[PDB]
There are 4 protein chains.
Amino acid sequence: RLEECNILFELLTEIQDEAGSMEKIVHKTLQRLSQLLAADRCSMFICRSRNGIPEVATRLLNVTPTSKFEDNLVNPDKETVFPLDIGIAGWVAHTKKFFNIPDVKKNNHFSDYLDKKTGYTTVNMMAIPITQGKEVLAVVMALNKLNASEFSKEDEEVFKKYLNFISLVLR
Amino acid sequence: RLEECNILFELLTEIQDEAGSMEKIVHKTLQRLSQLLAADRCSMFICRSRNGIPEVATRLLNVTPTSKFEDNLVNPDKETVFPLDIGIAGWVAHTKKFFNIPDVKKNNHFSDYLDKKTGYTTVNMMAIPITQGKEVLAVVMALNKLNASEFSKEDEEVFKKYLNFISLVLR
Amino acid sequence: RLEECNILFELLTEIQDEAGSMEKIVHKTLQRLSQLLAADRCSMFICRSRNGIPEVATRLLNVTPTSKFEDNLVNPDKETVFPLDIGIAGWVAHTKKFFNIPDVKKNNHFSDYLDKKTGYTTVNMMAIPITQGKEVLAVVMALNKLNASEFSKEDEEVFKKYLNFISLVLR
Amino acid sequence: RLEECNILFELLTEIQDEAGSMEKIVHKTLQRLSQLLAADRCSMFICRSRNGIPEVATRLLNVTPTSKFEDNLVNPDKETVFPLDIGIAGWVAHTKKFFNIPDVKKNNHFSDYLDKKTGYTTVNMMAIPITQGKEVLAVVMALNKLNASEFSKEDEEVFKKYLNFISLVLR
Ligand SMILES: Nc1nc2c(ncn2[C@@H]2O[C@@H]3COP(=O)(O)O[C@H]3[C@H]2O)c(=O)[nH]1
Ligand SMILES: Nc1nc2c(ncn2[C@@H]2O[C@@H]3COP(=O)(O)O[C@H]3[C@H]2O)c(=O)[nH]1
Ligand SMILES: Nc1nc2c(ncn2[C@@H]2O[C@@H]3COP(=O)(O)O[C@H]3[C@H]2O)c(=O)[nH]1
Ligand SMILES: Nc1nc2c(ncn2[C@@H]2O[C@@H]3COP(=O)(O)O[C@H]3[C@H]2O)c(=O)[nH]1
């Protein structure tokens, strides 16, 4: 049960081609991250060039300690794409820098396209880019700390800790 | 008990002829427990009394495989003290019982005072009292299992195995 | 395989999204092997070739539970190269065999060149080649058992257990 | 076999009074130290006040990888005592400082009383004091590196490593 995460990871890495969802492993890992962050929700944004122009897209949304994989995975049928100047997820991809944002909308990069479209309200957010040397592969983020006004310094170290592992998984 | 003999012996070759080395030993042991249990951190509360009134106090926090002892040692001036009727730590000291708590939010006894001060989110926990006869010397815990929703039965067995040693050392 | 799942997973959460992380992984694994085997240090020699001529070269030396990666990484300029007909390391690469050497002074193949240069005294050794098909990628060793005259049979089993993982990573 | 050193140490430490030779454990440990140092011989000097005046005395002599305990233990029937100004072992006790001495007799503190009496010739020597806070309990030392002209920097780190453990044993 403790070895689940590895059995699946050793499974996915010995079938050499990554055509078997490393996104299940990211999903499982984003569940645990929520529990120990007490983030209301966690997400992963895929980072791509299409076709010659960099962008951040939606991939995994609304991850909670128990949300089912299918309910979090957004297929290309209906995804939301951002240029890196639009939206605070884009800025992280662009700058390749980590961010603990205690109050969005006091943050100028903040886009509110998805709060309007889905009905959610984003207030807090930690965001961090997964980077394979040159490029950014994805942006992960935790939203809206529970029982508290912002994500703490301690919540940063925990987020960073899991992202070290997620970062390897997307390779 | 092969890898325990090796871990403990090697550990003991890393302890400078100095302090205070008896707590540097407990620390290093805890660092190794973190690895073996995939625990986010381990901690120790000292247990002492004042005129027959016992209490439990922070001593080592945030012990981790890459953590510094002087960073983990609580400064005597700034140590958080609990009476034994407040906290799981205090409860462990009172009852002299081991506990594998899978969700602190569903365990009365849990005190959120340190979480509020430090900013850390505590989810699950193993806790054990270190005793000398009818009196308690410390409470040791492993917080936040990293690769599963809670600490396993098997995890209890490992923790208990390494806490015979800490016990010995804390005398 | 409980404590292996935990050790490896936790280890992987300590690896910064940076290098070169594939060798920081091997390093950290080796640091953990040192603890589990009570080995004074572990090392890795890379194995490469030049026009069909293989050779074996220093890469990670003096890996230890409290050792720094940038101190253990051999500087490409100052790397000691062996042909495979010199050294136990070169012999392991040649034969593609595991060896538990209890006394290097009674094993021809042993080359004392590094001992002379570095000043270190090598006594006993486990050595194993990391392979990809019919070609060798590295040789990993645990030097100088600290709590016994030589590495045990049981020690072979642990080393071999953790070297399936390193193998995986070194691809 | 790897757990021998601990089984004997846990044995000697739970029978609380140290009236059962912690010198067997020091002896066993000084055997391994020789092997991995390639020191010709290792010794321990007990440090005492008799009666009101500090002194360094002989206790364990001529330790080799295989020398039997009885042959190394010098009973008070026939021991050699030094004031701390006489002899390079005394100076270490006095200064409480570590010393790698590449060529005695170029060292002014060097006494040659025992080379004359026993027949041995001391050339090289690493010496280090075991100190319980205030006082020095003993001085351990390695003599005459084999296959080399002095003890290296690497030999220092290994000596220090074992002495951390020996230092705890004498408590
Ligand atoms: N509902 C929902 N919104 C999200 C999630 N992750 C990110 N967002 C929002 O999508 C936005 C993308 O642009 P932003 O300005 O970075 O701010 C981001 C968040 O407000 C999620 O999991 N669920
Ligand atoms: N931040 C932090 N908190 C800890 C650590 N160890 C214990 N605690 C908290 O201290 C609390 C004391 O009360 P509790 O109900 O036992 O729950 C305990 C934990 O929530 C630690 O290492 N770090
Ligand atoms: N100082 C040092 N020497 C090493 C290390 N690993 C291997 N060696 C030495 O490098 C030597 C190469 O030849 P060998 O006969 O295989 O024996 C090997 C060891 O003696 C290490 O980590 N540190
Ligand atoms: N024969 C012998 N001499 C020793 C041993 N250990 C220390 N000595 C010598 O005893 C001497 C004590 O004074 P010194 O000047 O420190 O130098 C020391 C060494 O030369 C040992 O194990 N055997």
# chains A, B, ... in the order shown; residues from 1 in each chain; ligands from 1
call {"tool": "calpha_fit_and_write", "arguments": {"fixed": "chain C", "moving": "chain A", "output": "compact mmCIF listing (two decimals) with C-alpha atoms, in the first residue's frame"}}
result
# COMPACT_ATOMS: atom_id res chain seq x y z
CA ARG A 1 10.97 10.21 5.78
CA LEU A 2 10.59 6.58 4.71
CA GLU A 3 8.96 7.98 1.54
CA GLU A 4 11.84 10.39 0.88
CA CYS A 5 13.64 8.01 -1.43
CA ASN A 6 10.48 7.59 -3.55
CA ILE A 7 9.31 11.25 -3.54
CA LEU A 8 12.75 12.15 -4.98
CA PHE A 9 12.64 9.19 -7.39
CA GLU A 10 9.12 9.95 -8.65
CA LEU A 11 10.30 13.58 -8.86
CA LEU A 12 13.35 12.65 -11.00
CA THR A 13 11.47 10.17 -13.25
CA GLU A 14 8.47 12.32 -14.30
CA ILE A 15 10.71 15.12 -15.54
CA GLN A 16 11.50 12.59 -18.28
CA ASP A 17 15.07 13.62 -19.22
CA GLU A 18 17.60 12.43 -16.60
CA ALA A 19 19.40 15.83 -16.69
CA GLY A 20 18.82 16.39 -12.94
CA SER A 21 21.22 14.01 -11.13
CA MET A 22 19.99 10.48 -10.55
CA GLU A 23 23.29 10.59 -8.62
CA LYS A 24 21.66 12.20 -5.57
CA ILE A 25 19.34 9.18 -5.38
CA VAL A 26 22.30 6.82 -5.82
CA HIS A 27 24.13 8.81 -3.13
CA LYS A 28 21.26 8.64 -0.63
CA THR A 29 20.92 4.93 -1.36
CA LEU A 30 24.68 4.32 -0.98
CA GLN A 31 24.51 5.96 2.50
CA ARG A 32 21.94 3.43 3.79
CA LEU A 33 23.92 0.62 2.16
CA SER A 34 26.98 1.56 4.28
CA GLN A 35 25.06 1.58 7.52
CA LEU A 36 23.63 -1.89 6.98
CA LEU A 37 26.89 -3.30 5.52
CA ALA A 38 29.19 -1.63 8.02
CA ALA A 39 31.43 -0.94 5.02
CA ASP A 40 33.97 1.74 5.78
CA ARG A 41 33.24 3.33 2.38
CA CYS A 42 31.11 2.86 -0.75
CA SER A 43 31.63 4.14 -4.29
CA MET A 44 30.16 4.29 -7.76
CA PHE A 45 32.24 4.16 -10.92
CA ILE A 46 30.65 5.46 -14.13
CA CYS A 47 31.19 3.27 -17.20
CA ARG A 48 31.78 4.92 -20.58
CA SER A 49 33.30 4.70 -24.06
CA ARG A 50 35.71 7.53 -24.83
CA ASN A 51 35.80 7.80 -27.71
CA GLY A 52 35.26 4.26 -29.02
CA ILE A 53 37.14 2.46 -26.21
CA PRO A 54 35.51 1.14 -22.97
CA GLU A 55 36.56 2.53 -19.59
CA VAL A 56 35.55 2.76 -15.94
CA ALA A 57 35.75 6.22 -14.32
CA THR A 58 35.27 7.63 -10.79
CA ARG A 59 31.97 9.38 -9.95
CA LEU A 60 30.98 8.87 -6.30
CA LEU A 61 33.71 8.24 -3.69
CA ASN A 62 33.97 7.85 0.09
CA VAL A 63 30.28 7.37 0.82
CA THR A 64 29.64 6.85 4.53
CA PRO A 65 26.28 6.85 6.40
CA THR A 66 26.53 10.64 6.75
CA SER A 67 28.96 11.98 4.10
CA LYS A 68 27.54 14.98 2.24
CA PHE A 69 26.74 14.64 -1.48
CA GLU A 70 29.17 17.37 -2.63
CA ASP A 71 32.04 15.73 -0.69
CA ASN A 72 31.39 12.41 -2.49
CA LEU A 73 30.70 13.66 -6.02
CA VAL A 74 33.86 13.95 -8.11
CA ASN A 75 33.33 16.39 -10.98
CA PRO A 76 35.05 15.73 -14.35
CA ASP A 77 37.64 18.36 -13.23
CA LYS A 78 39.56 15.62 -11.41
CA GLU A 79 38.37 12.02 -12.01
CA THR A 80 40.34 8.74 -12.24
CA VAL A 81 39.77 6.58 -15.34
CA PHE A 82 40.64 2.86 -15.80
CA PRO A 83 40.79 0.62 -18.86
CA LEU A 84 38.89 -2.58 -18.05
CA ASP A 85 42.10 -4.68 -17.84
CA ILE A 86 43.59 -2.30 -15.23
CA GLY A 87 41.92 -2.60 -11.83
CA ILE A 88 39.43 -4.90 -10.11
CA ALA A 89 36.53 -2.44 -10.81
CA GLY A 90 37.32 -2.78 -14.52
CA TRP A 91 37.26 -6.58 -14.39
CA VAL A 92 33.72 -6.47 -12.94
CA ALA A 93 32.64 -4.19 -15.80
CA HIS A 94 34.34 -6.51 -18.32
CA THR A 95 33.10 -9.84 -16.92
CA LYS A 96 29.72 -8.36 -15.87
CA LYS A 97 30.06 -10.61 -12.81
CA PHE A 98 29.67 -10.00 -9.07
CA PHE A 99 32.64 -10.30 -6.71
CA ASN A 100 33.16 -10.57 -2.98
CA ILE A 101 36.92 -10.11 -2.56
CA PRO A 102 38.10 -10.96 0.97
CA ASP A 103 41.69 -9.77 0.52
CA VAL A 104 42.82 -7.62 -2.39
CA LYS A 105 46.38 -8.08 -3.66
CA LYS A 106 45.67 -11.80 -3.49
CA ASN A 107 43.41 -10.65 -6.36
CA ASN A 108 45.43 -10.18 -9.58
CA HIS A 109 43.10 -7.59 -11.12
CA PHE A 110 43.51 -5.28 -8.12
CA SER A 111 44.96 -1.89 -9.06
CA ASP A 112 46.50 0.21 -6.30
CA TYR A 113 46.71 3.51 -8.16
CA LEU A 114 44.10 5.18 -5.98
CA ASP A 115 45.33 3.81 -2.64
CA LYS A 116 48.65 5.41 -3.46
CA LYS A 117 47.17 8.69 -4.68
CA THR A 118 44.54 9.27 -1.98
CA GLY A 119 46.25 7.60 1.01
CA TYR A 120 43.53 4.98 1.59
CA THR A 121 44.19 1.25 2.01
CA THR A 122 41.78 -1.11 0.30
CA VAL A 123 41.65 -4.59 1.86
CA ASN A 124 38.09 -5.90 1.40
CA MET A 125 35.69 -5.19 -1.41
CA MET A 126 32.38 -6.32 -2.81
CA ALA A 127 31.85 -5.17 -6.38
CA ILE A 128 28.91 -5.50 -8.77
CA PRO A 129 28.11 -4.10 -12.24
CA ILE A 130 24.90 -2.25 -13.07
CA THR A 131 23.95 -3.51 -16.52
CA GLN A 132 21.25 -2.23 -18.88
CA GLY A 133 20.90 -5.29 -21.10
CA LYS A 134 23.81 -5.02 -23.55
CA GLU A 135 26.08 -2.59 -21.73
CA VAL A 136 27.38 -1.83 -18.25
CA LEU A 137 26.29 1.62 -17.01
CA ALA A 138 28.26 1.66 -13.76
CA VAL A 139 30.16 -0.38 -11.17
CA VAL A 140 29.19 0.06 -7.51
CA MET A 141 31.33 -1.22 -4.65
CA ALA A 142 31.61 -1.51 -0.85
CA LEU A 143 35.11 -1.38 0.73
CA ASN A 144 36.64 -2.53 4.02
CA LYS A 145 34.13 -4.23 6.34
CA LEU A 146 34.21 -2.84 9.87
CA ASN A 147 34.51 -5.05 12.97
CA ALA A 148 35.27 -8.06 10.70
CA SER A 149 37.84 -9.64 8.38
CA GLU A 150 35.71 -9.93 5.22
CA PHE A 151 32.23 -9.23 3.85
CA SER A 152 30.01 -12.22 4.73
CA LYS A 153 27.51 -14.17 2.66
CA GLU A 154 24.77 -12.23 4.42
CA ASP A 155 26.46 -8.95 3.42
CA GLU A 156 26.23 -10.15 -0.20
CA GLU A 157 22.47 -10.61 -0.15
CA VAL A 158 22.00 -7.14 1.35
CA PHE A 159 24.35 -5.51 -1.18
CA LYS A 160 22.54 -7.36 -4.01
CA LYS A 161 19.18 -6.24 -2.58
CA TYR A 162 20.07 -2.51 -2.67
CA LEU A 163 21.76 -2.82 -6.06
CA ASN A 164 18.57 -4.16 -7.60
CA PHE A 165 17.09 -0.75 -6.68
CA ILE A 166 20.14 1.28 -7.68
CA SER A 167 20.19 -0.62 -10.96
CA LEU A 168 16.66 0.61 -11.77
CA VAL A 169 17.51 4.18 -10.72
CA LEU A 170 20.20 4.44 -13.42
CA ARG A 171 17.51 4.15 -16.12
call {"tool": "select_by_dssp", "arguments": {"residues": "range 18-156 of chain A", "states": "alpha helix (DSSP H)", "output": "PyMOL selection string"}}
result
chain A and resi 23-37+69-72+88-95+113-118+153-156
call {"tool": "select_by_dssp", "arguments": {"residues": "range 59-152 of chain C", "states": "strand (DSSP E)", "output": "number ranges by chain"}}
result
C: 59-63, 81-82, 99-101, 125-132, 135-145
